[PDB]
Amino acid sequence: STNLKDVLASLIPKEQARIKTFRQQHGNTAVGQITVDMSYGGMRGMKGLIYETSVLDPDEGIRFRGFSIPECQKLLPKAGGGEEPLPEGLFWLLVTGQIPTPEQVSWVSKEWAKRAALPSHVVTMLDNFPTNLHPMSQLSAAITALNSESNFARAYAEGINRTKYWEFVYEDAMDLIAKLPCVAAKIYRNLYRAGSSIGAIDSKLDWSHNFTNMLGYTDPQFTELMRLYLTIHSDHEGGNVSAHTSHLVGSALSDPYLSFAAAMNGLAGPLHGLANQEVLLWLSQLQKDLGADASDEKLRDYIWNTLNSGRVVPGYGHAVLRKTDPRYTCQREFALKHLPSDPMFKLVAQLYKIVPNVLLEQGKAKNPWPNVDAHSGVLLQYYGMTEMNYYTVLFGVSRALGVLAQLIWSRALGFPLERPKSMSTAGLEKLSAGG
C-alpha cells in the first residue's frame, strides 16, 4: 500500500518540468557576484548550490522543506506515548516535501528494519580495529567497505541509462540508512562494552529504539532523546562541509556509500561535527582546572586563555547563522524539562551568559552565539553515554537522513559534475592588476 518509491516516481517528472521551464526563463539571470574576498574566504556568502531538502535562514535557523523545528515537533508523528518526533517521519518529509501519516511512518520503520544486515567482511574489519582508532575513522572505513554491496555501483557497471540513476540511488540510500545503526552500535560495543553483542533488530520498533537497544540503553527518556537528536541533526542545507562533500562526491557518480563515507571524513573535522566531542573535552578540562562550581570571573579567565593560545572556543559561532541556533534552544528546552539540576547542564547554561560577551569583546567572531554542538553532549552524558570521542558518530548517523534524501533528488534531476574554476593568487592579481 505505502511505497515511497512509487510516490517519488510521480513527483520526479513534475519537478523536472518545473525546473526546466524556470531555467528557460531565468537561467541567465544573475543572483550574485563573486569578490576576491569571497574566494580567499572559503566562499563565504556565495550562493553556490541547489539543495532542496532544507534551507537555512541566518536569523531564523533551519527549515526542513519549509518547516521549522517547533513546527516539526508539532506536526511529525511520534512514538506511541512519545513526545519527540520520529526521524523516520522527518525522512519522509525531506524526500517528498509532505508531512507523512503515521501509517507512512511505520512503513519506513519496517523497511529500515527489513534492510538492516551487515556483510561479514565488514563485521570482521570492525572487530579487528584497534581501540586507539577514532570512532569516526572506524565508521568512515566501514561505510567505504560496504560499497561492495552497492546496487548503484552495480547498475552503473551494467550500463544502465542515466535516467534511471535515481532508482538505484534510492535503494542504496534506504539500505545504508538501515545499516548505519548496526555499524555504529558494533563500534560502540567493541570499544566500550568488549565481549558483548549488539543483538538483533526487532522489526516492530522504530529505528531509534532498535538503535538504543543495540547501544544497550534501557532508559525510556534516553530513547526519546535519541529520537530528537537524530531528527535535529538530520540536515542543515547544502553548504555545510558534510553535506557539500556528499554532494560533490556524488556528482562524480560515486555510489552513495562512497559519497556518505567521504562526508563523514568532513564531519570529523574539529571545525564541523567533531566540535560536539570538543565541547565536552573543553568542559571536562574546565571543571578540572576550576572545579565544578566556578565564578563568572574565573570562567571568563578560562575562555580568554583559550583565545589567547590560538584556539577556538568549541560550540560557538557559525558560518551562516547570526543568532542562537534553534537546535541549541531545542536542546536547552529538553534539558530544562528532564535534567534541570544536572551540574554540567548548569555549567553549559552559565556559559551562555558569558561566552558570547567575551567573543564580542574579542571582536573577531561574526556570530558570537552558540551552535548545536554546544548543547548536545551534555544531554548524552546525563544518561550514562560518557564516551565523548563517540559523540560525532551519532551526528553522522543522523546526517545520513538529509544527505541521502537530497542525493536521490540530485540524480533524479540530472545535476551534473560539481566543478568550479580555481585561480592562483598570481593569476588573480593579474586578472585585476595586483596589490
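We number the residues from 1 along the sequence you see. Definition used throughout: the rigid core is the maximal C-alpha set that superposes within 1.5 Å between two forms.
Asks: So which moves more in 4 other deposited structures of this protein by CA, 195 to 203 or 227 to 235, given a superposition on the core?
Replies: So, of the two stretches, the farther one in 4 other deposited structures of this protein is 195 to 203.
Asks: Do the Cα atoms of 258 to 266 or those of 303 to 311 sit farther, on average, from the shown form in 4 other deposited structures of this protein after fitting on the core?
Replies: Once the cores are fitted, 303 to 311 deviates more in 4 other deposited structures of this protein.
Asks: Quick check on the record: does 100 to 108 or 239 to 247 carry the larger mean Cα temperature factor?
Replies: Between 100 to 108 and 239 to 247, it is 100 to 108 that shows the higher mean C-alpha B-factor.
Asks: Hey, which bit's got the bigger mean C-alpha B factor in the entry, 184 to 192 or 304 to 312?
Replies: If you average the C-alpha B-factors of 184 to 192 and of 304 to 312, the larger mean comes out for 304 to 312.
Asks: Per the coordinate record, which of the options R399, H375, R44, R65 holds the highest CA temperature factor?
Replies: So the option with the highest C-alpha B-factor is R65.
Asks: Per the coordinate record, which of the options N213, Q331, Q221, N128 holds the highest CA temperature factor?
Replies: In this record, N128 carries the highest C-alpha B-factor of the candidates.
Asks: Comparing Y383 with the other modelled residues of its chain, is its CA B-factor in the lowest, middle or highest third?
Replies: Highest third, going by the recorded CA B-factors of the chain.
Asks: Please say which third, lowest, middle or highest, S424 falls into when its CA temperature factor is compared across its chain.
Replies: Its C-alpha B-factor belongs to the lowest third of this chain's values.
Asks: Comparing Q362 with the other modelled residues of its chain, is its CA B-factor in the lowest, middle or highest third?
Replies: Its C-alpha B-factor belongs to the middle third of this chain's values.
Asks: Is the Cα B-factor recorded for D289 in the lowest, middle or highest third of its chain?
Replies: Highest third.
Asks: Using the B-factor values recorded in the entry, state whether the Cα atom of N132 falls in the lowest, middle or highest third among the modelled residues of its chain.
Replies: For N132, whose C-alpha B-factor we compare with every modelled residue in the chain, the answer is the highest third.
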